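Asks: Compute the structure for the input listed below.
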Amino acid sequence: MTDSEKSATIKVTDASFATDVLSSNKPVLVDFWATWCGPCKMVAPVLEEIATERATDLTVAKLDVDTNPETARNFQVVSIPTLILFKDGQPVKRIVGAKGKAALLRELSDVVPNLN
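Replies: Numbering: from 1, shown residues only. Let me share the structure:
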């Protein structure tokens with residue numbers, strides 16, 4: 001990873017989300033969160049670590065509900081963090097509340113081969 005091979009994770013906005021997430025060929029994991037939220041800060045190292053380590057298998061992105069409520073209503077955020085996994089720009093699963101690396105990567109391994 002470099003300034004051109006930009007380091008993980010990316011951030012998405014209501015004008016660009018459809019090009020960044022829904023136009024992707026990949027598994028794309030999206031976290032709908034706020035930067036002051038306790039369980040949101042608890043997943044910050046987990047989302048950074050999986051996205052830095054597994055960038056060739058999946059992408060991880062974040063949506064800031066504290067400044068963008070318009071994408072937050074799009075996917076019906078009600079508690080945070082809301083984690084939602086897409087594949088080929090189509091939704092597969094949603095979980096709400098904090099994760100560890102093992103649980104996040106296992107529910108990703110359900111969507112593309114890894115634990116085999």
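Asks: these two touch, right, residue 57 and residue 27?
Replies: Yes - judged on CB atoms under 8 Å, residue 57 makes contact with residue 27 at a distance of 7.1 Å. C-beta coordinates here come from the backbone N, C-alpha and C atoms, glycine included.
Asks: so what sits against both of these two?
Replies: Applying CB atoms under 8 Å, 6 or more residues apart in numbering, one finds that residue 57 and residue 27 are jointly contacted by 108, 112.
Asks: Closest to the mean position in this protein, which residue would that be?
Replies: residue 30 (2.3 Å; CA atoms, centre = their mean).
Asks: That one and residue 75, how far apart?
Replies: 8 Å (CB to CB, to the nearest Å).
Asks: Need the residues touching each of these two.
Replies: residue 84.
Asks: Can you name the residues in contact with stretch 29-48?
Replies: 8-9, 12, 21, 50-51, 58-66, 71-72, 75, 77, 80-86, 97-101, 104, 108.
Asks: ok, of those residues, which come out buried?
Replies: For those, a neighbour count by 16 or more other CB atoms under 10 Å gives the buried set as 8-9, 12, 21, 50-51, 58-65, 71-72, 77, 80-86, 98-99, 104, 108.
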